[PDB]
Amino acid sequence: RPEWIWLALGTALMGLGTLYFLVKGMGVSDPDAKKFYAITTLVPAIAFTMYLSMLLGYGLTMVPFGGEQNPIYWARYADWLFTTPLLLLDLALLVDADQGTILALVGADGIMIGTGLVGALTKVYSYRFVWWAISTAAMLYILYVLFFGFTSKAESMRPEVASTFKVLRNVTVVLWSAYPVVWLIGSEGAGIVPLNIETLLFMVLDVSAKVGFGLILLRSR
Amino acid sequence: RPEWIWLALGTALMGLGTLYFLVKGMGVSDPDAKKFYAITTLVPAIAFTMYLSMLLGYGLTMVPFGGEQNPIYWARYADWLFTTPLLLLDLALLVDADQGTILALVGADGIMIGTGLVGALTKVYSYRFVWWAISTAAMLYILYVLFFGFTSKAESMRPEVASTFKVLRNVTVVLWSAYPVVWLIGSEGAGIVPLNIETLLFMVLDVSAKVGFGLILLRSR
Amino acid sequence: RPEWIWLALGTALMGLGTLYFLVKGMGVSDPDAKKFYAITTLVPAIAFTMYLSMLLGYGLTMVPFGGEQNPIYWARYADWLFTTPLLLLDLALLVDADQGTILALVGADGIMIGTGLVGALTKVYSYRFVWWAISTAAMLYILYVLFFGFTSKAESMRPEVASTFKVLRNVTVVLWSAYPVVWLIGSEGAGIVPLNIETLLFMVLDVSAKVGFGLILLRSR
Ligand SMILES: CC(C)CCC[C@H](C)CCC[C@@H](C)CCC[C@H](C)CCOC[C@H](COP(=O)(O)OC[C@@H](O)COP(=O)(O)O)OCC[C@@H](C)CCC[C@H](C)CCC[C@@H](C)CCCC(C)C
Ligand SMILES: CC(C)CCC[C@H](C)CCC[C@@H](C)CCC[C@H](C)CCOC[C@H](COP(=O)(O)OC[C@@H](O)COP(=O)(O)O)OCC[C@@H](C)CCC[C@H](C)CCC[C@@H](C)CCCC(C)C
Ligand SMILES: CC(C)CCC[C@H](C)CCC[C@@H](C)CCC[C@H](C)CCOC[C@H](COP(=O)(O)OC[C@@H](O)COP(=O)(O)O)OCC[C@@H](C)CCC[C@H](C)CCC[C@@H](C)CCCC(C)C
Ligand SMILES: CC(C)CCC[C@H](C)CCC[C@@H](C)CCC[C@H](C)CCOC[C@H](COP(=O)(O)OC[C@@H](O)COP(=O)(O)O)OCC[C@@H](C)CCC[C@H](C)CCC[C@@H](C)CCCC(C)C
Ligand SMILES: CC(C)CCC[C@H](C)CCC[C@@H](C)CCC[C@H](C)CCOC[C@H](COP(=O)(O)OC[C@@H](O)COP(=O)(O)O)OCC[C@@H](C)CCC[C@H](C)CCC[C@@H](C)CCCC(C)C
Ligand SMILES: CC(C)CCC[C@H](C)CCC[C@@H](C)CCC[C@H](C)CCOC[C@H](COP(=O)(O)OC[C@@H](O)COP(=O)(O)O)OCC[C@@H](C)CCC[C@H](C)CCC[C@@H](C)CCCC(C)C
Ligand SMILES: CC(C)CCC[C@H](C)CCC[C@@H](C)CCC[C@H](C)CCOC[C@H](COP(=O)(O)OC[C@@H](O)COP(=O)(O)O)OCC[C@@H](C)CCC[C@H](C)CCC[C@@H](C)CCCC(C)C
Ligand SMILES: CC(C)CCC[C@H](C)CCC[C@@H](C)CCC[C@H](C)CCOC[C@H](COP(=O)(O)OC[C@@H](O)COP(=O)(O)O)OCC[C@@H](C)CCC[C@H](C)CCC[C@@H](C)CCCC(C)C
Ligand SMILES: CC(C)CCC[C@H](C)CCC[C@@H](C)CCC[C@H](C)CCOC[C@H](COP(=O)(O)OC[C@@H](O)COP(=O)(O)O)OCC[C@@H](C)CCC[C@H](C)CCC[C@@H](C)CCCC(C)C
Ligand SMILES: *C/C=C(C)/C=C/C=C(C)/C=C/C1=C(C)CCCC1(C)C
Ligand SMILES: *C/C=C(C)/C=C/C=C(C)/C=C/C1=C(C)CCCC1(C)C
Ligand SMILES: *C/C=C(C)/C=C/C=C(C)/C=C/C1=C(C)CCCC1(C)C
């Protein structure tokens, strides 16, 4: 029942992030700047849409495993499924311009979310965590590769990008670790937390990561 | 019942467009020419497949909201979902070669179709138009960005490309405005038109946009 | 019932291919080398995941047309659906660097698998082969274009790449012809083979194509 407040809050917040970014972003940009802007604006857009989809909750109300709906989750996975990739793309793009690197990273990302979804939807009783574990592995890979990202400085311009990246990586890591813990504990893991919590926590992370990173990139640009 | 004539007509027409384009297209092309050819040939291909899928209508016969089937619609959304992107890609490619621009544009496109689909499938009674409205917004964005496309001449070769683009934008705009009106009025909107009409109108636009643009690009190349 | 041995074998085998390739691959690579490595490592990854999904068989146990499950097949199509594209991408990348060429090829690929899936899921009795036929056409196109790939030597470095490609094309063709024959005869075609066979044969091809090509590329690099 409660979910609606959190989700509505999210819809508004994210939507706002989107709009705001369209305005702020636009400005003086053709290449790099516009690339960053577009990439980081699309995210919020998506997230907003999805949030409205989550709030309204279309489709049907069937249970995969529990006594909780399925539209919410599905939506989440769509959100993260496009978001993540794009976000990763942006950050990577700021530093590394290696085809192999990026491609690999986005593929790894792909299976992270995707497999997470697999696990989320698995009907069986105890093996959702098998998938979770694989998701964990993938996530770790993304992070390790981010370690490299930072590490390998190479082609760098102004100092600002370095700092932006520095804060960006911390936020990223944090938020992105939070994801799996919250997932495991609540939502589609064990069910340690009631229900509300899932939505609140997950939304907290969502908005913080997307709008936060958007703002850090706003700071950078 | 009637739908089969329209859809069969479409299957044949589109298929023909595809084949024809394979022949016509092929020729002297490696880079640009081949890029244009491939990009504009794939569309028709897809549309044909989908049209056969629509005509045969696989899956199941369940109703989202009404007393009309669901294979047709779904198919349509797949069609537009790949088509649009590719078409937009081609046109953009002809003028603007800005990563940001293109990416943004295709993302916007993405949510246009996608969200359209969301709205199309929503089970609730009155909120399909909420999604429709968002779809409207997105569409508008695509168009506005096309205004820019034209506007920003910059790097240009022969005069022919300018003219081709000129006719292309008109056709595009027209057809693409028609989409939403027809959608709203018939199919999955209100249901002002019987049923037949949905198929006929939507097909008219389809074939005209894809084969027409293909032919305009045929003219250009 | 039997399927589990084949699928478990596959999970292990493929997983091993993935891991092994992460180790072997990694090494000295930034550009080309890393591109090849990443591209060819992702495949196995995917295949593994999917194989675990196939072995465990989540979702539900409904029949499209027969008395055999649906998770297996679905999984297969996901596997091939990403795999193929990536594999094709890698091979193409080794020779041809033509946007048009590649894009076209991957689009053709796209409909190959995709349409194959369409056919696979069609509920009707006799028209699965219509789709199959279209899939056949597409496959053929991929192969013909590969004929060109070989044919058009152009920009070439060392001799090793030529040989690698030479073995790669043979393997590719072979395996890829095998697919459709096995499909038609067993699984979702007629049902000439019991059930086991489908899994065994299809897995044989899978592992051989992915790990084999991976190894040929390992040889090359
Ligand atoms: C399906 C949905 C749900 C998922 C949506 C995800 C979405 C696909 C992700 C968006 C990422 C986009 C924005 C990529 C951006 C491309 C970039 C603008 C192109 C610039 O181009 C220049 C360099 C190439 O670098 P460079 O080193 O010079 O090499 C290049 C040789 O290719 C050339 O040709 P050659 O070398 O032969 O001459 O930047 C090229 C570097 C990279 C940025 C290229 C990215 C390729 C492509 C878009 C990735 C698709 C990912 C999928 C396969 C995901 C699979 C999911 C799995 C779980 C299965
Ligand atoms: C390599 C990576 C990438 C990973 C590969 C993963 C691969 C993509 C797998 C996904 C396959 C999914 C779609 C299977 C979902 C099956 C679904 C539950 C069953 C459909 O039945 C209707 C369902 C409820 O099931 P129900 O019928 O009740 O099932 C059985 C009960 O009768 C008894 O169950 P029990 O025994 O437990 O009691 O409800 C309706 C629910 C549906 C609408 C669920 C769809 C999820 C979400 C909306 C999809 C997102 C779409 C894209 C953004 C994805 C991009 C992919 C790209 C990379 C290309
Ligand atoms: C679900 C929950 C329960 C799970 C939570 C798990 C949590 C995410 C995991 C913790 C993992 C931590 C330990 C990561 C550690 C990173 C490490 C500090 C970064 C290394 O770099 C250190 C710099 C400062 O050192 P300094 O030497 O000055 O560095 C500059 C040079 O690199 C020169 O610069 P240059 O090279 O550019 O010239 O950064 C200083 C770093 C700060 C920014 C540290 C941030 C604190 C903390 C992690 C925030 C917690 C917030 C959320 C988890 C909230 C949860 C919400 C809940 C309700 C779920
Ligand atoms: C999932 C399905 C249903 C949807 C299918 C849609 C399908 C993905 C769309 C097809 C569009 C394709 C054909 C793109 C063509 C790429 C083009 C050939 C690559 C050429 O490359 C050169 C320039 C880069 O330009 P340039 O300015 O020089 O910059 C580049 C820096 O990236 C490099 O690296 P760096 O700069 O760091 O050195 O052209 C690069 C410009 C653009 C053309 C790049 C496009 C990237 C990628 C393919 C877009 C994927 C879109 C998704 C995320 C959709 C999301 C859906 C949403 C609703 C969520
Ligand atoms: C940011 C953008 C991109 C937007 C994000 C959007 C996101 C992608 C959302 C899509 C999620 C979809 C798939 C949910 C569909 C649920 C479906 C209706 C339910 C499944 O149940 C079987 C259905 C009929 O439902 P039914 O069971 O009757 O439902 C309830 C009744 O019991 C009582 O209903 P009521 O209360 O109204 O009486 O029939 C079977 C119908 C299915 C086969 C429908 C699938 C649609 C179409 C074929 C998908 C295209 C696939 C790709 C081309 C998409 C590319 C995505 C990429 C960008 C990666
Ligand atoms: C669902 C339905 C009911 C909804 C229908 C809605 C409809 C789509 C919306 C109408 C929107 C219209 C008003 C758009 C206006 C565009 C505007 C004219 C273009 C501006 O440019 C004008 C040029 C000629 O001026 P000129 O000065 O010579 O221009 C050359 C210089 O740019 C120098 O050139 P350069 O810069 O290159 O050197 O173009 C002249 C333009 C013509 C090509 C105008 C086309 C007419 C009309 C729109 C066709 C209708 C067809 C379909 C809607 C059919 C419906 C089917 C139904 C059953 C649903
Ligand atoms: C949805 C899921 C299920 C499917 C997943 C499939 C996944 C999308 C496939 C992965 C393939 C990826 C890895 C592509 C790699 C891109 C590569 C690194 C970018 C390098 O970039 C440089 C050259 C461009 O070459 P070059 O000749 O110099 O031209 C370029 C002009 O674009 C620039 O701009 P301009 O020319 O204007 O200046 O390499 C560019 C050449 C090509 C490699 C570009 C590829 C574009 C894009 C990624 C393809 C998407 C495919 C979809 C539409 C599939 C549809 C499915 C159908 C059944 C509907
Ligand atoms: C141009 C190309 C690309 C081709 C375009 C093709 C296009 C993509 C089409 C796909 C549309 C699919 C998803 C439709 C599937 C409908 C499904 C069977 C019905 C859903 O109902 C639940 C089903 C069992 O059906 P059921 O309810 O029993 O049906 C009727 C009975 O009541 C009586 O039947 P009968 O009359 O025969 O007795 O079970 C649950 C099964 C589902 C989970 C099936 C999903 C398949 C697989 C997991 C999807 C992979 C996802 C991605 C990797 C795809 C990437 C796409 C990208 C290119 C973007
Ligand atoms: C489902 C099943 C039943 C269906 C099976 C169908 C089967 C796939 C279809 C057969 C199609 C065949 C006939 C393809 C023919 C290719 C042809 C030989 C290649 C041409 O090139 C010839 C070279 C050697 O000539 P040579 O003159 O020395 O060439 C070097 C110069 O190009 C200079 O070099 P360069 O230009 O670089 O300087 O290659 C010599 C080529 C060998 C590598 C030939 C391989 C043998 C055979 C096809 C293997 C069968 C394995 C599987 C089908 C197993 C099935 C498993 C079942 C249980 C299903
Ligand atoms: C805007 C949304 C963002 C940035 C979402 C990110 C989500 C994740 C990094 C999720 C990771 C997960 C796992 C590692 C395992 C369980 C499933 C997930 C999706 C919670
Ligand atoms: C070959 C097919 C083409 C070019 C199809 C294009 C379709 C559209 C531009 C559809 C637009 C829509 C909206 C703006 C809102 C309602 C849903 C749509 C898909 C009709
Ligand atoms: C690792 C997996 C690989 C390389 C799989 C490849 C699969 C194919 C080439 C499948 C081709 C098909 C047809 C031509 C028609 C029937 C359906 C398929 C998928 C068996």
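Please note: Cβ atoms are built from the backbone with ideal geometry, for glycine as well, and neighbour counts cover all protein chains shown. What follows draws every value from the coordinates through simple rules; no lab data is involved.
Tell me whether the range A:70-89 contains one or more residues that are of a type in the set (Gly, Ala, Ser) and facing chain C (nearest Cβ under 10 Å). No, the conditions are met nowhere in the range A:70-89. The set of residues from the range C:1-59 being more than 8 Å from chain A (Cβ to nearest Cβ), closer than 25 Å to C:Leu93 by Cβ and not in a helix (DSSP H, G or I) comprises C:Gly27, C:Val28. One residue stands out among those in the range B:173-196 that are on the phi < 0 side of the Ramachandran plot, part of a loop (DSSP other than H, G, I, E, B) and more than 9 Å from ligand 11 (Cβ to nearest atom): the one that is nearest to the other protein chains (Cβ to nearest Cβ), which is B:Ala190.
Condition check ((1) away from ligand 5 (no atom under 16 Å from the Cβ); (2) closer than 28 Å to A:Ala33 by Cα; (3) small (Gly, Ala, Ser); (4) touching a strand residue (DSSP E or B) at 6+ places or on another chain (Cβ under 8 Å)) across all residues:
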| site | (1), (2), (3), (4) |
| --- | --- |
| A:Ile111 | no, no, no, no |
| A:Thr115 | no, no, no, no |
| A:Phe129 | yes, no, no, no |
| A:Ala133 | yes, no, yes, no |
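When B:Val145, B:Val130 are checked against the criterion of being part of a helix (DSSP H, G or I), more than 16 Å from the chain's Cα centre (by Cα) and under 16 Å from B:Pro180 (Cα atoms), a single residue qualifies: B:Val130. Scanning the range A:149-165 for residues that are within 11 Å of chain C (Cβ to nearest Cβ) and surrounded by 11 or more Cβ atoms within 10 Å (Cβ to Cβ) yields a single hit, A:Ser152. Close Cβ contacts (under 6 Å, 6 or more residues apart or on different chains) running from residues in the range C:179-206 that are under 14 Å from C:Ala120 (Cα atoms) to residues that are in a loop (DSSP other than H, G, I, E, B) and among the polar types (S, T, N, Q) comprise C:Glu198/C:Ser187. Taking each residue of the range B:155-166 that is touching a residue at least 60 places away in the same chain (Cβ under 8 Å) and looking for partners that are of a type in the set (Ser, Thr, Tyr) and more than 16 Å from ligand 2 (Cβ to nearest atom) with beta-carbon atoms closer than 7 Å, six or more apart or interchain, yields B:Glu160/B:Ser220; B:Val161/B:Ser220; B:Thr164/B:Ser220. The residue of the range C:125-147 that is farthest from ligand 11 (Cβ to nearest atom), among those that are within 12 Å of chain B (Cβ to nearest Cβ) and touching a residue at least 40 places away in the same chain (Cβ under 8 Å), is C:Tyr125. Restricting the first member to the range C:74-99 and to residues that are farther than 14 Å from C:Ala38 by Cα, and the second to residues that are more than 15 Å from ligand 4 (Cβ to nearest atom) and of a type in the set (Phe, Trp, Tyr), the beta-carbon pairs closer than 7 Å and six or more apart or on different chains are C:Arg76/C:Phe202; C:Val95/C:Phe165. For the range C:148-172, a residue qualifies if it is away from ligand 9 (no atom under 11 Å from the Cβ) and outside any helix (DSSP H, G or I), and the qualifying residues are C:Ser152, C:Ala154, C:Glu155, C:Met157, C:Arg158.
Got at least one residue in the range C:87-99 being more than 17 Å from the chain's Cα centre (by Cα) and over 19 Å from C:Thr40 (Cα atoms)? Checked the range C:87-99: at least one residue is more than 17 Å from the chain's Cα centre (by Cα) and over 19 Å from C:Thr40 (Cα atoms). Of all the residues in the range B:4-29, those that are surrounded by 14 or more Cβ atoms within 10 Å (Cβ to Cβ), over 28 Å from B:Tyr58 (Cα atoms) and not hydroxyl-bearing (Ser, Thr, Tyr) number 2. If you go through the range A:178-193 one residue at a time, do you hit one that is surrounded by fewer than 16 Cβ atoms within 10 Å (Cβ to Cβ), more than 17 Å from the chain's Cα centre (by Cα) and not hydrophobic (A, V, I, L, M, F, W, C)? Among the residues of the range A:178-193, at least one is surrounded by fewer than 16 Cβ atoms within 10 Å (Cβ to Cβ), more than 17 Å from the chain's Cα centre (by Cα) and not hydrophobic (A, V, I, L, M, F, W, C), which makes the answer yes.
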